[PDB]
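Pasting structure.cif here (mmCIF, N, CA, C and O atoms and all ligand atoms; chains and numbers go by the auth columns):
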```
data_query
#
loop_
_atom_site.group_PDB
_atom_site.id
_atom_site.type_symbol
_atom_site.label_atom_id
_atom_site.label_comp_id
_atom_site.label_asym_id
_atom_site.label_seq_id
_atom_site.Cartn_x
_atom_site.Cartn_y
_atom_site.Cartn_z
_atom_site.B_iso_or_equiv
_atom_site.auth_seq_id
_atom_site.auth_asym_id
ATOM 1 N N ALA A 1 61.854 -6.831 26.756 0.00 1 F
ATOM 2 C CA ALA A 1 61.867 -5.834 27.858 0.00 1 F
ATOM 3 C C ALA A 1 62.431 -6.440 29.138 0.00 1 F
ATOM 4 O O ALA A 1 63.006 -7.529 29.119 0.00 1 F
ATOM 5 N N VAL A 2 62.263 -5.731 30.250 0.00 2 F
ATOM 6 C CA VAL A 2 62.755 -6.202 31.538 0.00 2 F
ATOM 7 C C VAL A 2 61.723 -7.090 32.226 0.00 2 F
ATOM 8 O O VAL A 2 62.073 -7.967 33.015 0.00 2 F
ATOM 9 N N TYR A 3 60.450 -6.859 31.920 0.00 3 F
ATOM 10 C CA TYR A 3 59.368 -7.641 32.507 0.00 3 F
ATOM 11 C C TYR A 3 59.547 -9.125 32.204 0.00 3 F
ATOM 12 O O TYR A 3 59.153 -9.983 32.995 0.00 3 F
ATOM 13 N N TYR A 4 60.148 -9.421 31.055 0.00 4 F
ATOM 14 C CA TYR A 4 60.384 -10.801 30.650 0.00 4 F
ATOM 15 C C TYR A 4 61.808 -11.233 30.990 0.00 4 F
ATOM 16 O O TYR A 4 62.350 -12.154 30.378 0.00 4 F
ATOM 17 N N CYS A 5 62.408 -10.564 31.969 0.00 5 F
ATOM 18 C CA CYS A 5 63.767 -10.880 32.394 0.00 5 F
ATOM 19 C C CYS A 5 63.754 -11.896 33.533 0.00 5 F
ATOM 20 O O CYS A 5 63.161 -11.655 34.585 0.00 5 F
ATOM 21 N N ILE A 6 64.404 -13.034 33.314 0.00 6 F
ATOM 22 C CA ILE A 6 64.462 -14.088 34.321 0.00 6 F
ATOM 23 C C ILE A 6 65.751 -14.015 35.131 0.00 6 F
ATOM 24 O O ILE A 6 66.305 -15.040 35.530 0.00 6 F
ATOM 25 N N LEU A 7 66.226 -12.798 35.377 0.00 7 F
ATOM 26 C CA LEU A 7 67.450 -12.596 36.144 0.00 7 F
ATOM 27 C C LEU A 7 67.177 -11.752 37.389 0.00 7 F
ATOM 28 O O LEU A 7 66.518 -10.715 37.310 0.00 7 F
ATOM 29 N N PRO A 8 67.682 -12.183 38.560 0.00 8 F
ATOM 30 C CA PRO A 8 67.485 -11.455 39.818 0.00 8 F
ATOM 31 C C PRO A 8 68.318 -10.180 39.887 0.00 8 F
ATOM 32 O O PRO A 8 67.821 -9.123 40.273 0.00 8 F
ATOM 33 N N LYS A 9 69.588 -10.288 39.508 0.00 9 F
ATOM 34 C CA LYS A 9 70.490 -9.142 39.526 0.00 9 F
ATOM 35 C C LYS A 9 70.948 -8.791 38.114 0.00 9 F
ATOM 36 O O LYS A 9 72.124 -8.927 37.778 0.00 9 F
ATOM 37 N N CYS A 10 70.008 -8.341 37.290 0.00 10 F
ATOM 38 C CA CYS A 10 70.313 -7.971 35.912 0.00 10 F
ATOM 39 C C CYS A 10 70.594 -6.477 35.798 0.00 10 F
ATOM 40 O O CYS A 10 71.722 -6.064 35.530 0.00 10 F
ATOM 41 N N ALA A 11 69.557 -5.669 36.000 0.00 11 F
ATOM 42 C CA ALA A 11 69.692 -4.220 35.918 0.00 11 F
ATOM 43 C C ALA A 11 69.831 -3.600 37.303 0.00 11 F
ATOM 44 O O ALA A 11 69.184 -4.035 38.256 0.00 11 F
ATOM 45 N N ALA A 12 70.679 -2.582 37.409 0.00 12 F
ATOM 46 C CA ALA A 12 70.902 -1.902 38.678 0.00 12 F
ATOM 47 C C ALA A 12 69.729 -0.990 39.023 0.00 12 F
ATOM 48 O O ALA A 12 69.224 -1.011 40.146 0.00 12 F
ATOM 49 N N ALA A 13 69.302 -0.192 38.052 0.00 13 F
ATOM 50 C CA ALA A 13 68.187 0.726 38.253 0.00 13 F
ATOM 51 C C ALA A 13 66.931 0.229 37.545 0.00 13 F
ATOM 52 O O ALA A 13 66.082 1.020 37.136 0.00 13 F
ATOM 53 N N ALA A 14 66.819 -1.089 37.405 0.00 14 F
ATOM 54 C CA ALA A 14 65.667 -1.693 36.748 0.00 14 F
ATOM 55 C C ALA A 14 65.524 -1.194 35.313 0.00 14 F
ATOM 56 O O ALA A 14 64.422 -1.152 34.769 0.00 14 F
ATOM 57 N N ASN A 15 66.645 -0.816 34.706 0.00 15 F
ATOM 58 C CA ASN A 15 66.642 -0.321 33.336 0.00 15 F
ATOM 59 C C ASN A 15 66.604 -1.470 32.342 0.00 15 F
ATOM 60 O O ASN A 15 67.173 -2.535 32.578 0.00 15 F
ATOM 61 N N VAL A 16 65.915 -1.244 31.233 0.00 16 F
ATOM 62 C CA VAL A 16 65.775 -2.250 30.194 0.00 16 F
ATOM 63 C C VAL A 16 66.737 -1.992 29.039 0.00 16 F
ATOM 64 O O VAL A 16 67.390 -2.910 28.541 0.00 16 F
ATOM 65 N N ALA A 17 66.820 -0.734 28.621 0.00 17 F
ATOM 66 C CA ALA A 17 67.699 -0.342 27.523 0.00 17 F
ATOM 67 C C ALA A 17 69.114 -0.874 27.732 0.00 17 F
ATOM 68 O O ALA A 17 69.850 -1.099 26.771 0.00 17 F
ATOM 69 N N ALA A 18 69.486 -1.073 28.992 0.00 18 F
ATOM 70 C CA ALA A 18 70.810 -1.580 29.327 0.00 18 F
ATOM 71 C C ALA A 18 70.776 -3.079 29.606 0.00 18 F
ATOM 72 O O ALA A 18 71.798 -3.759 29.514 0.00 18 F
ATOM 73 N N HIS A 19 69.598 -3.593 29.953 0.00 19 F
ATOM 74 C CA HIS A 19 69.445 -5.013 30.247 0.00 19 F
ATOM 75 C C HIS A 19 69.318 -5.829 28.958 0.00 19 F
ATOM 76 O O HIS A 19 70.010 -6.826 28.773 0.00 19 F
ATOM 77 N N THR A 20 68.427 -5.402 28.069 0.00 20 F
ATOM 78 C CA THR A 20 68.207 -6.103 26.803 0.00 20 F
ATOM 79 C C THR A 20 69.526 -6.468 26.120 0.00 20 F
ATOM 80 O O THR A 20 69.592 -7.437 25.362 0.00 20 F
ATOM 81 N N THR A 21 70.570 -5.693 26.391 0.00 21 F
ATOM 82 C CA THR A 21 71.884 -5.938 25.802 0.00 21 F
ATOM 83 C C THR A 21 72.304 -7.398 25.968 0.00 21 F
ATOM 84 O O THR A 21 72.877 -7.999 25.058 0.00 21 F
ATOM 85 N N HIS A 22 72.018 -7.958 27.138 0.00 22 F
ATOM 86 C CA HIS A 22 72.368 -9.348 27.430 0.00 22 F
ATOM 87 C C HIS A 22 71.155 -10.257 27.322 0.00 22 F
ATOM 88 O O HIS A 22 71.258 -11.403 26.884 0.00 22 F
ATOM 89 N N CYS A 23 70.010 -9.741 27.737 0.00 23 F
ATOM 90 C CA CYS A 23 68.775 -10.494 27.709 0.00 23 F
ATOM 91 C C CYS A 23 68.092 -10.382 26.349 0.00 23 F
ATOM 92 O O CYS A 23 67.874 -9.283 25.841 0.00 23 F
ATOM 93 N N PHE A 24 67.759 -11.529 25.763 0.00 24 F
ATOM 94 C CA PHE A 24 67.102 -11.559 24.463 0.00 24 F
ATOM 95 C C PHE A 24 65.595 -11.735 24.617 0.00 24 F
ATOM 96 O O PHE A 24 64.950 -12.399 23.805 0.00 24 F
ATOM 97 N N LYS A 25 65.039 -11.136 25.665 0.00 25 F
ATOM 98 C CA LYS A 25 63.608 -11.227 25.927 0.00 25 F
ATOM 99 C C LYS A 25 63.181 -12.677 26.126 0.00 25 F
ATOM 100 O O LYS A 25 61.976 -12.913 26.356 0.00 25 F
HETATM 101 ZN ZN ZN B . 67.812 -9.170 32.028 0.00 101 F
#
```

As structure tokens - that is how I would like this structure written.
Ligand SMILES: [Zn+2]
Amino acid sequence: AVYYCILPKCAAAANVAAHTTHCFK
């Protein structure tokens, strides 16, 4: 998910469905 995202500027709207694409949790 996004909660386990260690990136400051990953998602624009804090979206996960679009973030997970690059982030492997
Ligand atoms: Zn991320």

Residues at most 5 Å from ligand ZN 101 (chain F), using only N, CA, C and O atoms and all ligand atoms? Could they come as a list in words?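 Listed by chain and ascending number, the contacts are residues 5, 10, 19 and 23 of chain F.
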
Store the residues picked out above, limited to N, CA, C and O atoms, as a compact mmCIF listing (two decimals), keeping the file's coordinate frame.
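Saved the output as part-v4.txt:
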```
# COMPACT_ATOMS: atom_id res chain seq x y z
N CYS F 5 62.41 -10.56 31.97
CA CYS F 5 63.77 -10.88 32.39
C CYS F 5 63.75 -11.90 33.53
O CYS F 5 63.16 -11.66 34.58
N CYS F 10 70.01 -8.34 37.29
CA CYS F 10 70.31 -7.97 35.91
C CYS F 10 70.59 -6.48 35.80
O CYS F 10 71.72 -6.06 35.53
N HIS F 19 69.60 -3.59 29.95
CA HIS F 19 69.44 -5.01 30.25
C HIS F 19 69.32 -5.83 28.96
O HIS F 19 70.01 -6.83 28.77
N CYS F 23 70.01 -9.74 27.74
CA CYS F 23 68.78 -10.49 27.71
C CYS F 23 68.09 -10.38 26.35
O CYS F 23 67.87 -9.28 25.84
```

Draw an axis-aligned box over all listed atoms of segment 14-23 of chain F, pad each side with 3 Å, and write its centre and edge lengths in Å, one decimal, as lines of an AutoDock Vina configuration file.
```
center_x = 68.6
center_y = -5.9
center_z = 31.2
size_x = 14.5
size_y = 17.1
size_z = 18.3
```

Rounded to one decimal, what separation in Å do you get between atom O of residue 4 of chain F and atom C of residue 24 of chain F? 6.6 Å

What is the atom N of residue 25 of chain F to atom C of residue 2 of chain F distance in Å?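 These two atoms are separated by 8.4 Å.
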